[PDB]
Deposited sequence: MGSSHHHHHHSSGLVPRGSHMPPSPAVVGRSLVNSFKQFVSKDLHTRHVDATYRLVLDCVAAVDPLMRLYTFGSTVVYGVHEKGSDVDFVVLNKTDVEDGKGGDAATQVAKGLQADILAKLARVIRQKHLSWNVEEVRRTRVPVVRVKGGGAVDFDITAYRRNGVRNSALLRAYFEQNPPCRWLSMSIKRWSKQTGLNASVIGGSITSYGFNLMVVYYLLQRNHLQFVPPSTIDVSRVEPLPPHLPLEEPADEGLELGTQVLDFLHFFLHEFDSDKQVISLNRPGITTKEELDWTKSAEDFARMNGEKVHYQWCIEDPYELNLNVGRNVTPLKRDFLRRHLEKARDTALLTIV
């Protein structure tokens, strides 16, 4: 359809959500963290921080950090077995404390993943993931957040994409899903950057020693042009990814303004034979460079097949206003 039609469907689709006690979740978690270690810091990251708002159906991401991790505000995160072991170790203590203080909660220690994480589901729609000793999630969320702060309404584009990604089965949170919400944000910002709707923010300027453990709410204003900006952005975003982004040659990257190529990163078919992560093949079909992790393709799970599904969906999204006009 047209931007306006899409815009209105989209604003229409978000009516129920435009109407948030995370400090409380934060404090409960800090209680636990405290009981495992009173000198440990708790940082929030993920969508809550990125958007400055807490969405229904979205967990809350927390990472636990030592004073020195924070002071080393711009240090990278060790990608070693020992670093992974240190994290699993502290998270197991914390998991223990969580369970002890909240017999109601399902506290799962997840090892399937690249980053040790403790997943808590209290049942009361209460959901959070806890990781440790890593600055990269707070850092890249502070980066995404700073991008959205430049153009607060672009958050609708992001949220529209996020929700859609989960409805089409593209989001890694869904079985068969290949790109995390995080990947989708990187895509959105990258897109916003290519259209000069955002000004480039060198990732190295983000300093963890300067981010808030719990950043402030960032009011989300309804798109008050009936969604025309959004509709136009969505359509443009869909078009950009089906027709301007050259997935075979380019990398969605926020590490530099402009274009990043697969060749300069050695993210080639050749590399696929070697590149492995979490004991599996990394794919370089849909390349999304993580701004802070070395050599990490956020689209590493996008297999040739999933790449085709992404194009299908991106094409479909155009004529369904991201599955809203139905």
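According to the record, C-alpha coordinates are lacking for deposited residues 1 to 22, 42 to 46.
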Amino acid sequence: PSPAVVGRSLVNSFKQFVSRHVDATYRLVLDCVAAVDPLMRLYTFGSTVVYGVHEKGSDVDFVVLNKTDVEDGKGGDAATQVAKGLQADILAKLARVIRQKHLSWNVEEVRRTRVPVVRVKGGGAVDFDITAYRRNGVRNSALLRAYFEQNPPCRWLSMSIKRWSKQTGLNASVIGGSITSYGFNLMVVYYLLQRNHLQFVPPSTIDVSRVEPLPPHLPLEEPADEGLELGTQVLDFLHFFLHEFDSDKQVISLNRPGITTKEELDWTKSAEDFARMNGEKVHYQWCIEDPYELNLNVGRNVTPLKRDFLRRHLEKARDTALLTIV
From here on, numbers count along this sequence of modelled residues.
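Under this definition, the rigid core comprises the largest set of C-alpha atoms superposing within 1.5 Å between the forms.
Core-fitted comparison in 7 other deposited structures of this protein shows that, between 184 to 192 and 117 to 125, the CA atoms farther from the shown form belong to 117 to 125. Greater average departure of CA atoms from the shown form, over structures and residues in 7 other deposited structures of this protein after a core fit, characterises 108 to 116 among 163 to 171 and 108 to 116. In the record comparison, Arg307 is modelled in each of the other entries of this protein that model the residues flanking it, with no third of them omitting it. Modelling of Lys15 is complete across the other compared entries in which both of its neighbours are modelled; not even a third of them leave it out. Of the two segments examined, 216 to 224 and 147 to 155, it is 216 to 224 that shows the higher average Cα temperature factor in the deposited entry. Taking the mean C-alpha B-factor of each stretch as recorded, 93 to 101 and 157 to 165 are not equal, and the higher mean is that of 93 to 101. Between the residues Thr260, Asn295, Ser58, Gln285, it is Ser58 that shows the highest Cα B-factor in the PDB record. For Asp69, the recorded CA temperature factor ranks within the highest third of the chain's modelled residues. Per the PDB record, residue ranking by Cα B-factor puts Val63 in the lowest third of the chain.
Sort the chain's modelled residues by C-alpha temperature factor and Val29 lands in the middle third, per the entry. When the modelled residues of the chain are ordered by C-alpha B-factor, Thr113 sits in the highest third. Remark: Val53 belongs to the middle third of its chain, ranked by C-alpha B-factor as recorded.
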